[PDB]
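Undergrad: Contents are PDB, C-alpha atoms; file name run.pdb:
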ATOM      1  CA  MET A   1     116.957 107.791 115.879
ATOM      2  CA  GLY A   2     119.393 109.928 113.956
ATOM      3  CA  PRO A   3     118.805 109.842 110.167
ATOM      4  CA  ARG A   4     120.639 107.066 108.310
ATOM      5  CA  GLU A   5     120.751 105.819 104.713
ATOM      6  CA  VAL A   6     117.645 103.656 104.173
ATOM      7  CA  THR A   7     116.427 101.896 101.027
ATOM      8  CA  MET A   8     113.124 100.310 100.058
ATOM      9  CA  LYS A   9     111.739  97.905  97.483
ATOM     10  CA  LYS A  10     108.382  98.411  95.766
ATOM     11  CA  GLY A  11     105.813  96.756  97.975
ATOM     12  CA  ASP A  12     107.488  97.235 101.340
ATOM     13  CA  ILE A  13     105.231  98.455 104.162
ATOM     14  CA  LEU A  14     107.132 100.874 106.406
ATOM     15  CA  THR A  15     106.309 102.373 109.768
ATOM     16  CA  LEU A  16     105.846 106.132 109.294
ATOM     17  CA  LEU A  17     107.569 108.242 111.930
ATOM     18  CA  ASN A  18     107.197 111.814 110.676
ATOM     19  CA  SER A  19     105.234 113.181 107.739
ATOM     20  CA  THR A  20     105.248 116.863 108.659
ATOM     21  CA  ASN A  21     107.314 117.640 105.548
ATOM     22  CA  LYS A  22     105.438 117.501 102.234
ATOM     23  CA  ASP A  23     108.365 116.075 100.277
ATOM     24  CA  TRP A  24     110.389 113.893 102.669
ATOM     25  CA  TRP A  25     108.996 111.514 105.256
ATOM     26  CA  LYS A  26     110.894 109.847 108.103
ATOM     27  CA  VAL A  27     110.347 106.111 108.320
ATOM     28  CA  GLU A  28     111.674 103.060 110.112
ATOM     29  CA  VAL A  29     113.322 100.579 107.731
ATOM     30  CA  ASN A  30     114.400  97.396 109.533
ATOM     31  CA  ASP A  31     116.005  98.716 112.746
ATOM     32  CA  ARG A  32     117.193 101.950 111.097
ATOM     33  CA  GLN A  33     115.532 105.375 110.587
ATOM     34  CA  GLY A  34     115.706 107.535 107.495
ATOM     35  CA  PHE A  35     114.007 109.700 104.895
ATOM     36  CA  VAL A  36     112.213 108.568 101.766
ATOM     37  CA  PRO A  37     110.365 110.623  99.146
ATOM     38  CA  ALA A  38     106.723 111.261 100.101
ATOM     39  CA  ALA A  39     105.816 110.774  96.418
ATOM     40  CA  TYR A  40     107.156 107.225  96.503
ATOM     41  CA  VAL A  41     104.844 106.046  99.320
ATOM     42  CA  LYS A  42     101.172 106.037 100.272
ATOM     43  CA  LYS A  43      99.716 106.310 103.802
ATOM     44  CA  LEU A  44      97.688 103.200 104.492
ATOM     45  CA  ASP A  45      94.275 102.927 106.133
ATOM     46  CA  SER A  46      95.013 100.366 108.865
ATOM     47  CA  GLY A  47      97.672  98.938 111.147
ATOM     48  CA  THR A  48      95.751 101.187 113.523
ATOM     49  CA  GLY A  49      97.537 103.334 116.045
ATOM     50  CA  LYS A  50     100.782 102.709 114.231
ATOM     51  CA  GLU A  51     101.330 104.720 111.033
ATOM     52  CA  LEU A  52     102.060 102.692 107.901
ATOM     53  CA  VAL A  53     103.065 103.520 104.342
ATOM     54  CA  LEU A  54     103.300 101.377 101.221
ATOM     55  CA  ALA A  55     106.355 101.816  98.955
ATOM     56  CA  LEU A  56     105.176 102.501  95.403
ATOM     57  CA  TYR A  57     108.647 102.448  93.767
ATOM     58  CA  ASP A  58     112.133 101.257  94.702
ATOM     59  CA  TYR A  59     114.347 103.831  96.394
ATOM     60  CA  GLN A  60     118.001 104.134  97.354
ATOM     61  CA  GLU A  61     120.254 107.150  97.683
TER      62      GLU A  61
END
As structure tokens - that is how I would like this structure written.
TA:
Amino acid sequence: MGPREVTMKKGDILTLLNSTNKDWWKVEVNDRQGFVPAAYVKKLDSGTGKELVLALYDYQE
């Protein structure tokens, strides 16, 4: 907890923590938590109970 600089590669599947904001979603990358653009990821249908997103493009601040 406590937003930190996270990055992602196209194809990564991240655990979604908070998608209340339409533009920036909080996710767990490795053992770190941060924000990624909502437009760069897609909510997946499965991994039930746990929320998962697929990274569509690379991202780094």
Undergrad: Given all atoms listed in the file as the basis, pick out the residue of A:10, A:2, A:61, A:20 nearest to residue 40 in chain A.
TA: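 Under the stated criterion, the closest residue is A:10.
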Undergrad: Compare A:26, A:32, A:13, A:39 by their minimum atom-to-atom distance to residue 52 in chain A, counting only C-alpha atoms, and give me the closest one.
TA: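 When distances to residue 52 in chain A are compared using only C-alpha atoms, the smallest one comes from A:13.
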Undergrad: At what distance in Å, to one decimal, does CA of residue 1 in chain A lie from CA of residue 30 in chain A?
TA: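 Calculated distance between CA of residue 30 in chain A and CA of residue 1 in chain A is 12.4 Å.
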Undergrad: Provide the CA of residue 29 in chain A to CA of residue 9 in chain A distance in Å, to one decimal place.
TA: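 Pair CA of residue 29 in chain A / CA of residue 9 in chain A returns 10.7 Å.
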Undergrad: List the residues sitting within 7 Å of (109.1, 99.5, 99.9) in the file's frame, using all atoms listed in the file, as a PyMOL selection string.
TA: chain A and resi 8-14+54-58
